[PDB]
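Just one chain follows, in the form deposited in one PDB entry, and it is written as structure tokens.
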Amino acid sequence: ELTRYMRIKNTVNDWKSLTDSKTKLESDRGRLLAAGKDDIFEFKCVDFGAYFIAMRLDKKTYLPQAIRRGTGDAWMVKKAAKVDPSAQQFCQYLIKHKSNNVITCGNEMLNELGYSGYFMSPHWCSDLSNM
């Protein structure tokens, strides 16, 4: 039947279709989440256990969106204990001073970093999708 190469290409087409399906589902779930909630589009510091992330919903796509660290992924403020008021306050400082460099789960993060965020664990995008 097909050569190993044709099957490999079939799997990259399948990854594209899967990522598209996942992005659309998460967009729709965002609209459903943002139905009756003010400040949904405003940055909040969220505790992921090991780190804080300043995040909100994107207004166009309704996808999760975080304050970005340079040209990499979301700025994850490493916590040194279960309760780390300093890390949380630095996250607040990020909201105040660094909020114009942002990164969004999905096709944006795919173009920018080579992964969508939704098919790797642990990752803030996947962790929100499990909530």
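In this text, residue numbers run from 1 along the sequence as written. Only residues modelled in both forms are compared. So that the term is clear: the rigid core is the largest set of C-alpha atoms that superpose within 1.5 Å between two forms.
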Quick one: say whether 87-95 or 34-42 has the higher mean Cα B-factor in the deposited entry.
34-42
Assert higher mean C-alpha B factor (24-32 or 66-74, deposited values) equals 24-32
Chain thirds by Cα B factor, record data; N107 belongs to the highest
Sort the modelled residues of this chain by their C-alpha B factor and say whether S116 lands in the lowest, middle or highest third.
middle
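Although not depicted, the form deposited in another entry is the subject of the following passage.
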If you line up the core, does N111 shift 2 angstroms or more at its C-alpha between the shown form and the other one?
no
Does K24 shift between the shown form and the other one by 2 angstroms or more at the C-alpha, the core having been superposed?
no
Displacement runs between the shown form and the other one, C-alpha, 2 Å or more, three or more consecutive residues, core aligned
1-14
